[PDB]
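Two forms, one chain: they're shown below as C-alpha cells, one block per form, named structure 1 and structure 2.
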Structure 1
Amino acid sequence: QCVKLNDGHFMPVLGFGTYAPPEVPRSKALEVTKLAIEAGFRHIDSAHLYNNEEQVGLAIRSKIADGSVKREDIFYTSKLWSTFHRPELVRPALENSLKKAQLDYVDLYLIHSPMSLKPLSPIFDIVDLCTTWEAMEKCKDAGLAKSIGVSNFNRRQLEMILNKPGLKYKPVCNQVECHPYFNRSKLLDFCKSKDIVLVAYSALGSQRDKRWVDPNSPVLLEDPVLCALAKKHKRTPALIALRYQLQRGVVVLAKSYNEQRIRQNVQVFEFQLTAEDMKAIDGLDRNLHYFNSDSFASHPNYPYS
C-alpha cells in the first residue's frame, strides 16, 4: 500500500498526523503514535513546529524495541520551519530534528511553507528558496533524508524549483491542504504531470484551531453528501473523505488522538467508492481552505488567493 516516489523510494499512502495544540500534553503524542503503529500506520507525519519530535521518535523506537516494526518499515517525515529557510540553517535544523527524535535519518524532509519568517513565530523575510532547496539537495546527498519535498507550494512556487538552473532532485511531494471542500484538482493535475505526489493534510477538514480557522466555517465531516455516502457504504464520513483521496492518487494523512478513531481510519483500505460516489464528492469543492488568517494572507509568498 505504497506509492513509488520520483527518486525511487516508496511512501505509504495513508499517513498518521501527529500535531496536537500546545494545550494537549506531549505525553499523549507518545501514547497515540504507539497506537497508530499498533493499528497499522507506517507513515508518520511530524515537524519542527509540532514540538513533539522527541515523543514521536521515542514512540517509533519503542515499537522498534518491542519487536513490532523495523526502522525500514516506518516512513518518518519532518519539516524545515520557515525561520530556517536561509541555506546555512537547513542542515542544522534537520540535524536538530534527528537529534530530538534520536534517529539516524528521516525518510522525508519538507520545506514546511514558502512563507519565510525572520530567523518560531517572530515578521517576514525574503529568501530565494532555490537556495533553500539546494541545501535540501545536499541533505539528501549526505543521507540525512532519503527523500526531500515541499509543503504548501502552489503551481508557480513549484515551477520555480523545477525550473531551477542545475536542479539535482525534483521535489518528491507537495503537502497541501486538500479535502472535498478544497480538493486542489488543478494542482493535483500539475503534480501528476511532473511526477510529484500530492499529500493531503486537513483531509478530515481541520482540527479547527481558533487561531487560524473560523468557527463559522462548515464542518467537513457533517457534510450532507459525505454523510449520505457513509450511510450508503455503512462506513463513517471520515472514511469516505479518506477513501476519496486514495482513489484520485493523493497520499492522505489523518490525525487522531483517539484510540478508536485511529483504529477505524485504517479501514480505508477495506472498501471502494464508485464512479458516481466520486463525482458526488467532487461536486463539494468550494475553494474553502480552513486555515484562513491574515498572518498567512499578508505574506508576499502566500500560496492562495
Structure 2
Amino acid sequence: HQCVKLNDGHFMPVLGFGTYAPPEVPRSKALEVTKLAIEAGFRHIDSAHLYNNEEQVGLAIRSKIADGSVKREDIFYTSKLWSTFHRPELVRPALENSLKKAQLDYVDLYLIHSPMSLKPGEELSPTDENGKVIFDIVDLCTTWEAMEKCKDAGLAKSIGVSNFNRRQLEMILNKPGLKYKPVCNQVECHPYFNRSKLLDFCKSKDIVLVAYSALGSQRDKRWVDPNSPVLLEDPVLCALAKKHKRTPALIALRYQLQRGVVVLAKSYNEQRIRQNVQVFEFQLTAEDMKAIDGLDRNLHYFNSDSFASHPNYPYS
C-alpha cells in the first residue's frame, strides 16, 4: 500500500515490479506476469525501451484498468530513455515511441537509463567493425533539459535518472535554470552493495534511491560472472528468513524498505510474484538491520568495466 512522496509532489509506491527478462523468454510472458503482479498487489511497474517489452507490459496495465481492477492513477509506470537517445532532439520522440508502444498517454516516471551516451541510430548498441560499442559525447544537462520539456508536456509526470554517481547527480542539480530535479536515482542496491553514502546523499537532496537487482541479479551469463556470490543463498539472509518464517528474498526487500529505499523485484514466477508483496507483512529488528548492513561488500553484479573508457562511466 505504502507510497513515498516525491520532491515534485507525486507519489511513488515503495515496492515495484521489475519486468526485464532475457531475449529467450517469449514476449507473451511479459503480459502474463505483469497482470499477475498487478493482481498480487504491485502498483509500481519498471520497464524500459531496452527491455523490448513495453507493448506487452502496457497491454497488461490496460487490461487491468479495463477489467476494472485498478485505474490508471493507481499504477506507477516507469520507462527509461536509452543511451542512443541522449541527444536532446531525440529525447521527446523516444518517449512518444515508448508511449505508442505501451498505449498509454503518459508515464509516471521517465528515467535517463544510464549516463554513458551511445552513438545515435536505430541500433540499440551500435558496434564498429571490430565489434566494440561506439560511444557518443553528450552533455547530459542538455538531455536533462529535454527531459524537463517532457515533464511540461505532460508526457511524464515525474523525471529522474538511473546509474548516476554522486558527481553526475550534482552536475544535474547545479544546472542553471533547472526547472526540476530528479525525483529519483535508480541504481543497483542489495546487501552486498548497500550504497549507504550514496543513499545518504540522496536523502539530503530529497531524491529517492530506487534499488534494482535487489534480489541479486538474474545472474545472466553475458553480464554476470558465475563465481559471484548468490545473494539469496547468503547465510545471514537464510538465517533471518528462518527466524521470521519468511524467505531470503523477503528479507532483502524488507531491508531496503526499512532504510528508506524504494525497491524493485523481478519475478516471472506466479508464486514468487505473490510472495514478494508479503514484504509489508513483517519487520526486521534494528539488530537484524545491523546484521544485514554487515554484509556490505561493495559488490557489483553487472560487469560493466568493458566500458571503463566512457567519460560518463559511473564507477570512475
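Reference numbering: structure 1, starting with residue 1. Only residues modelled in both forms are compared. We call the rigid core whatever largest set of C-alpha positions still superposes within 1.5 Å between the two forms.
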{"property": "Is_shifted residue 24 between structure 1 and structure 2 (CA, 2 Å cut-off, rigid core)", "result": "no"}
{"property": "Displaced residue check between structure 1 and structure 2: residue 291, CA, 2 Å or over, core reference", "result": "no"}
{"property": "Core-fitted comparison between structure 1 and structure 2 - CA shift at residue 300, Å", "result": "2.1"}
{"property": "Per-residue C-alpha deviation between structure 1 and structure 2 [residue 211; rigid core superposition; Å]", "result": "1.1"}
{"property": "Displacement in Å of the C-alpha of residue 76 between structure 1 and structure 2, rigid core kept as reference", "result": "0.3"}
{"property": "Shifted regions of at least three residues between structure 1 and structure 2, judged by C-alpha displacement of 2 Å or more after core alignment", "result": "293 to 300"}
